[PDB]
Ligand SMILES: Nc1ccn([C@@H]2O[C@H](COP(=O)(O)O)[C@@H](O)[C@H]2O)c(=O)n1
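In the form deposited without cytidine-5'-monophosphate (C5P), a lone chain appears below as structure tokens.
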């Protein structure tokens, strides 16, 4: 009895070669189990053979079906599942068997065989970091052992592994599967086997490709947002973003009890939010330097600068100190005492509700901000008559350059002494990343 169930999930209803795919596997073994899975009944009809080992699995809730009907493991009775993309065909007999033999003999929980299309599967490296909401892809250093595949491959793994993931069949499978398996530390072995292409390949015209790719990028975008992947990178670069921006709200919205929503989700600050914070800091610093406002990294920004030259990865704002006596040198600041001011580049400058400090928002919609805390000497010690620690004014005589958030910012001289006076001894050396369990106990 067959030990592998072919499963087809990646195809387009308007233009596919799924009937040829199914027919090709049935022509090596008429009893071969084949499952085609879809969110709704594909139209135009697929007209697959009406035989018991071929089944359409409709992954949608329906008023007249049991819970089992929308669960893909219901449709698989074999030990192994072979995910087969549309556009493949089985011509050499026994390829699924060789893949089973390779899986059992190897040490990778997945094995794959490229399909000989215009885009055969390439072996990739992938690091998934849920805390940084990032998926980092790269060339696979230990090919043919990989974390992920790009392109067309028959992928074979045990049904109990596949159907135990949270989103076994979320689309595109080429993205969702390896996000889940790579996070788990599993590997995929690119075998030296090749499945043939369909004789009449799907999506043969430019217009059909255009529709297919438009829908698939839309599925991918929605998939990465639902799964909490805000940034995709290739070799550290070619950033592809899925978070907040100048024209949207910031990811975590309004903060309740100075504990942003992302900490309860056991993650750190989204990288789109950190990116806007860096850009807003660079911009405010550039403006203050050109206007003649003396400023220095303050608080957690200074602490992040001194520790690793960037925003601390679970922080969500930037704090700078300024000489109160110099506020008038800056137009945006001058206007900020009157009322909120939207400058020429969309940055919003406000005088705070209470507490006498200035706030610069990334944009009118995206409320990530830099806070400016004005101080004035009172006989050698900086003070704000509203309350951020009081400190001696010689720490600013003079100020020091310090790498921060991708540029050079000004800091208090001997910032190490400055940091422990405000935070306590040894602060630079002992970071404490968020503690969700502790947070769960203490609200």
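Positions refer to the first chain, counted from 1.
Just so you know, the form deposited with cytidine-5'-monophosphate (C5P) bound exists too; it's not on screen, but the next bit is about it.
Quick check on this chain: with cytidine-5'-monophosphate (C5P) placed from its pose in the bound PDB entry by superposing the site C-alphas, is the site open or blocked (blocked meaning at least 3 ligand atoms within 2.4 Å of backbone or C-beta)? Open: no clash with the backbone or C-beta atoms.
Picking from 218-226, 306-314, 201-209, 84-92, which part of the chain touches cytidine-5'-monophosphate (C5P) in the bound PDB entry when contact means heavy atoms within 4.5 Å? Going through the listed ranges, the match is 306-314.
Residue-level contact is defined here as any heavy atom of the residue lying within 4.5 Å of cytidine-5'-monophosphate (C5P) in the bound PDB entry; does residue 319 satisfy this criterion? Yes, residue 319 lies within 4.5 Å of cytidine-5'-monophosphate (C5P) in the bound PDB entry.
Are any of the heavy atoms in residue 300 no more than 4.5 Å from a heavy atom of cytidine-5'-monophosphate (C5P) in the bound PDB entry? Yes, residue 300 lies within 4.5 Å of cytidine-5'-monophosphate (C5P) in the bound PDB entry.
Are any of the heavy atoms in residue 433 no more than 4.5 Å from a heavy atom of cytidine-5'-monophosphate (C5P) in the bound PDB entry? Residue-level check for residue 433: yes, a contact with cytidine-5'-monophosphate (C5P).
I'd like to know whether residue 14 contacts cytidine-5'-monophosphate (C5P) in the bound PDB entry, with contact meaning heavy atoms within 4.5 angstroms. Output for residue 14 is no: heavy atoms all beyond 4.5 Å of cytidine-5'-monophosphate (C5P).
Work out whether the Cα atoms of residue 435 and residue 368 come closer together or move farther apart in the bound PDB entry than they are in this form, the change being 3 angstroms or more. Nearer in the bound PDB entry, by 3 Å or more.
Is the CA-CA spacing of residue 435 and residue 166 tighter or wider in the bound PDB entry than here, given a 3 Å or more change? Compared with this form, residue 435 and residue 166 lie farther apart in the bound PDB entry.
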